[PDB]
Structure formats: C-alpha cells, structure tokens
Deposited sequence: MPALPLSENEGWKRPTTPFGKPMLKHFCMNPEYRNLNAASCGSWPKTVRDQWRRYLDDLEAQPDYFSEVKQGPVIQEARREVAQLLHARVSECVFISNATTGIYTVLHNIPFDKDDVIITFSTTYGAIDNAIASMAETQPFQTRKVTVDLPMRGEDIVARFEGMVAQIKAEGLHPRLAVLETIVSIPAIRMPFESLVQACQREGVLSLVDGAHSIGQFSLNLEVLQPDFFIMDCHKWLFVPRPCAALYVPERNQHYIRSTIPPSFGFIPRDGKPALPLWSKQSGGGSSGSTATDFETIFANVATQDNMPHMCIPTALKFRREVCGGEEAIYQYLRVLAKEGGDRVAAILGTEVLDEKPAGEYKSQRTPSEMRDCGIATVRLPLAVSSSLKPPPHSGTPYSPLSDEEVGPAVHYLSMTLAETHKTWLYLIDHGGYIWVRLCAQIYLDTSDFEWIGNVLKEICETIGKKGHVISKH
C-alpha cells in the first residue's frame, strides 16, 4: 500500500530531523502501535484490576499465537519474557551442570552471556571453552573450529553439554551460520542455545526445520514493538529442564495449559503492554508493508547497497567473509587507527547530527553498525557516509 522508504515516515513517530540508523536498540514502532499503546494505557488507568485480571490475558495469548506462527512453532513452545538476557539466563540456570560438563562459547558471544557463565562457575563446578572467531571468516571455517573444539572436548574425557550460538553477533554485526551450527550441535549431543536477539522481524525463521534446543529473541529490536519485548522458544523434548523463571516466583516446580506455560504466566509484577502491542504491529506489517517477506528482502538489499555505499564514500569496507550479510545490518570500517574521541563522535552524531550509532575497535580499526529499516533510504546511508567522512578527517 505504501512504498518503502521515506513515504513510510508518515506512519512512524520519528522527528523529521531524526534518522534512525540504529532502530534495533530502543526499537521503532508505527503510529498505529503507539495509538494502541495509549489505549491500553488508558484502560489500565480507568479500571486497573479489571484491565489486568480480565482483559490483559486474552491479548497476550493472541500475541503468542502470532509470534509462534511467525516462527513456525507450537504456541505451547513459546513464552514471553522481559528481555533476551533474562531468557538466556533462565535457560543457563535451570540446566544442572556436572563437574565434567563443558559450556562452549565464541569470542563473538554477547558480553552479558559471558558474565552469566563466569558467575555460574563460582558456585557450580562445570567448565567452559571459547571458540576463537576473528572476523572476517568464512561461515564454514567457524563451523570447523566449533567441530574441532567438540572433538577435543570428547578426547580429554569431558562432555560437551551445551553451546551458546547467536544468529546476529551484536557488534561487529554479521550473520553467523547458526543453521549449520545447530546441525553440528545435534550430531554430537550438544545443546544449542541460540541467542537470536536479532532474528524475529529481520529475516525469515523456521524453528520447525531449525529445531534448536532453545531459541531466544527480542521482538522489540525488529518487530515494531517497544522495548522491552522478548520471547523464549523451548521444544517439548526440552521443556522438562525449565522449572523456574528468573527471578523465581509462584509457578516454580520442585524436583488447559501446560506446567511450562504456567511458569511464565504466574510471574512477578511486570508490564505486558509491549507484548500486547505485538498483534497491531503484525497487522501493520501485513497490510501497510505488504507482508513479512517484503520487509525482509527490503532490509537485506538496503543494508547491502547502503552498506557498500557508505564504504565507498569512506574508502573502507563492509564486514563480510573473504551469506553473512543476509540481514538488514551493514558494519562499515572507518578511516581510523581514544574514548574522548569516540565521545565527540557520539554527540556530534547526537546534538550536532541527531542520530546514534555503535562503534567497535576490531582489527585495530573502529567500525560502525548501520541498521536498515523500512523507513530509511540509501540517501540516509549516503548522508551518514558523508557525515562519517567529515568527523573522520578531523
């Protein structure tokens, strides 16, 4: 109905002087979602205990049905949680680990996941090993080293029990061969904890075929809902491990919904408004945007072309292999070689240029994460490209 690009800007609530090239952080949602937000806000204030005990429940169950459909998985396998950190931690904490189990990570593993595991080892006797990924790589070369580390764990007598994978590495942001890595995890009896914080709403996902052991994802990062909003997927063959939420509450389980579902329903006080907006956003995505596939192909090609376009203006490169760019994200190199410098950038991109990006010192050179969105156009990449060029020269 509406074309992609700046014609979409009329359906979003962003200042015309604002260009959200970092939409996958706070999120970004259309006007029709905010309107729904305020109306639930209105209801909550009018009759608090009626909104919460009668009307709230149904909407959440619909949102679960729509997330489950978008993922090709049973609504009974999908549960709402506050954010990706809580869901990955919920899984890591329920699994009993032995003195001889090993948890495998990658140097790409999100930093908060490493802090989870380090803390778990203070009072639990398991151990850990990190697969060295120095980006760029080939997808297979990451799978190979992962194979090598499992083989070597079985050779020392220990037991490779679980591995933390990711779909999109946070930053430097690219797409990991998680399809291949889940299959590698299946062959050798290793639990595949997929950190798919960037997944739903950015590209297609079939959990029926992927069959991960656990799948966690942030809806607010790409599904046009506000932060915080995340969901957890656990197949039936694994729902027996999950016996408590984090923090524990009334649905705990000592050693017609299922018990698994009740665990994630009888929880402490939270605001389920972000989830209650999920339906509206999907409606918008179906009707105004021409369906999910339309949005995915646009996001990948914009990031493809807009990414190559920024690197041209700067004379640098977009992170790749020698497809890790099958996604609406382009990480570009910058003509650089400390933190007070990076600060200037930020507020020049903020008060001076009105926009916010995330940088990283990889390969000794600072990088930039460019987030595509259906309301951005290759000029806004040309625009930032020229903006970057300026601050760099200074």
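Annotation: deposited residues 1 to 15, 271 to 290, 358 to 369, 385 to 406, 464 to 474 are not represented by C-alpha coordinates in the model.
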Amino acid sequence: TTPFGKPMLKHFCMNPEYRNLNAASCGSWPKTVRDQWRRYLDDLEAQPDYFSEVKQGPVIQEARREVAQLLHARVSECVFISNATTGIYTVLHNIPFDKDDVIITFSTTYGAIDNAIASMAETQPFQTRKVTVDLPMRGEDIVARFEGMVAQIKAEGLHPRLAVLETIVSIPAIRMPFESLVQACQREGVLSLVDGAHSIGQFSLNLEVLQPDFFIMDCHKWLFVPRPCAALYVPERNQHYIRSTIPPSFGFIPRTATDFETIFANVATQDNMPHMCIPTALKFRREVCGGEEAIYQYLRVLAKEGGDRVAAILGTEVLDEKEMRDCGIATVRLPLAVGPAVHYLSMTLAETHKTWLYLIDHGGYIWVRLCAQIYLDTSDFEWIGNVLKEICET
From here on, numbers count along this sequence of modelled residues.
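In this entry, 156 to 164 shows the higher mean Cα temperature factor of the pair 87 to 95 and 156 to 164. Of the two stretches examined, 286 to 294 and 233 to 241, the record assigns the greater average C-alpha temperature factor to 286 to 294. Ranking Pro226, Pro212, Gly196, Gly307 by the C-alpha B-factor listed in the PDB entry places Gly307 at the top. Among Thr269, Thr105, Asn206, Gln183, the highest C-alpha B-factor recorded in the PDB entry belongs to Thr269. Among all modelled residues in this chain, the alpha-carbon of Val368 has a temperature factor (C-alpha) in the middle third. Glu188: CA B factor lies in the middle third for its chain, per the PDB record. When all modelled residues of the chain are sorted by CA temperature factor, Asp134 is found within the highest third. For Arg175, the recorded CA B-factor ranks within the lowest third of the chain. Only modelled residues enter the ranking.
Compared with the other modelled residues of the chain, the Cα B-factor recorded for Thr128 ranks in the middle third.
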